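One chain comes next, on its own, written as structure tokens: the form deposited without 4-nitrophenyl phosphate (4NP).
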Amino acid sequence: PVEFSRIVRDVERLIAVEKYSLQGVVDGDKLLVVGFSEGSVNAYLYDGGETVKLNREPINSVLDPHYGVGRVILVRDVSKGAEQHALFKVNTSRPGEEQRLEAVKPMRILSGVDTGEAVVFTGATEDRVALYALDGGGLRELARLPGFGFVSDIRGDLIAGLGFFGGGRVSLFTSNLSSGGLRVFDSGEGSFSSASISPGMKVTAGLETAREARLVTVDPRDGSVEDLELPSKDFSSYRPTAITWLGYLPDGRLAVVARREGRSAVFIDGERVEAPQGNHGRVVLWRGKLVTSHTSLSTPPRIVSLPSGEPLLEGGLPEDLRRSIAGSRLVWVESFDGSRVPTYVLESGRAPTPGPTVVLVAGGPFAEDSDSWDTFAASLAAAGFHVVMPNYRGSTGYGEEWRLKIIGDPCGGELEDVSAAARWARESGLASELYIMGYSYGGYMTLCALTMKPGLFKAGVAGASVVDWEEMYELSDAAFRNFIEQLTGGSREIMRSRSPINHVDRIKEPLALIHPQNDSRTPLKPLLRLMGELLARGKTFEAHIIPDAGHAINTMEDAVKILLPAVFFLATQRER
């Protein structure tokens, strides 16, 4: 067959491998890392080499610590997957002892920074997206935001952040920790992707324009925007198309992680710092060393020091799993309007060529398939599927223009891009048969593909999918309502005609639906209706609804429950 237990062995070990992200430096000279480890997402202190777990129960994230703070603020879903987060203070000297910050009622916590004195975060409720501050004086709403907004940085009383305030464009906003308020700075030529407040109290920001990315400095007093000149020209000669992150280190140096073609580079004051190939996260100064996270299509996220590339914290892949990843490459696929779609390809060592191939669209929109570890891809390659990961228009990493092409056109141009990648897989000799697997917006895309292009794929997996923009809209909080509005151009007609529930008649291929029951992003309710329509029309479908879980998986149990049936489904369709 289908060797069920081998698939589970592989899949469970791919989930289990330790994955780390770098969050900052606390209690002077310890690293704060968030890790998938011991079967869950935990927060750890590292001093090189005890690793001390800070939380009891699994968490969802931590707020960004300012350097050397004596505490950590854990963000934990207290609603079984619906992402109503509560905040939990852990004093770094007493790990495992948590104190719920009761002043803040549960809400979808978006981002946040802890200064040591005050906790500043963005959060969404049913009625609003807001910027909040929690200090000794209690909880304050500093400003109501138009849409999704994220805190990037705080310096003194200045708060800087990124707002998604319209048309899919990203604005810079500032507020004040004392008085509050909101100053919004839009750019005419692109979107801001990252921000940090310089010692001079200006905001240095990554600006992503039509094709290129550059650094600018915004004076929040008068809104003047000037190009930031760096003492070294490595950065400008790199020609970056996206900025992952930037930050002023404690010693005043500007650290920038920028990318092109799905791989990043680290720059300090414009000077290129040697880094392992792949993608990098924030950069911290730690014991006079530059530390970052590093990942690639074959390297689970790990903490490395620069420029040596020396691992501080890494999970190692078993060798049999390493061998299953034959290799990766970037190809440029010609789409329907002559656009080239940057597609990452992961060749399985366990499949022939041509071989069964899954087009994997996970996450999105405004996500990117880069040279970064993907558990879905690895687990498909381990199961003997080649993987094609298309950066369809609406993806990030290739400029503002490519990313904005999706706005007002869900299940339009981007679906053509995904189809073009499928076609490329066959025509180039990669794929003997095509499947599509998607999660989130990708799950939405699976349903659009099967409804709009029947015959292209042999079978599809839709995880945590959008099936109806309209009912979803009705069920969404203020952040997601606004995001749907932006995505659809505020057009209720687009909401309707681009909803695959309205084109179920067209489905010819077998489909597996996987949905966490408490998903508050892509709710289950509409999915039940789709299943009724599939049943009434005699369609072949498989469905799996996962209990006490939502869009954000933070345990191995849930991860296995979401991922295993997807792989079993494909493995089984492969034998037919």
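Numbering starts at 1 and runs along the sequence shown.
Another form exists, deposited with 4-nitrophenyl phosphate (4NP) bound; not displayed. Remarks below refer to it.
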query: Contact segment among 112 to 120, 436 to 444, 136 to 144, 401 to 409, judged by heavy atoms lying within 4.5 Å of 4-nitrophenyl phosphate (4NP) in the deposited complex; finding: 436 to 444
query: Close approach of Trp469 to 4-nitrophenyl phosphate (4NP) in the deposited complex, 4.5 Å, heavy atom; finding: yes
query: 4.5 angstroms heavy atom contact with 4-nitrophenyl phosphate (4NP) in the deposited complex for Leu215; finding: no
query: Contact test in the deposited complex: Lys539 vs 4-nitrophenyl phosphate (4NP), heavy atoms, 4.5 Å; finding: no
query: Non-hydrogen atom contact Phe483 with 4-nitrophenyl phosphate (4NP) in the deposited complex at 4.5 angstroms; finding: yes
query: Joint contact, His66, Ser196 and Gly247 to 4-nitrophenyl phosphate (4NP) in the deposited complex, by non-hydrogen atom at 4.5 Å; finding: no
query: Partner-contacting position among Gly364, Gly168, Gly384, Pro240 - heavy atom within 4.5 Å of 4-nitrophenyl phosphate (4NP) in the deposited complex; finding: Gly364
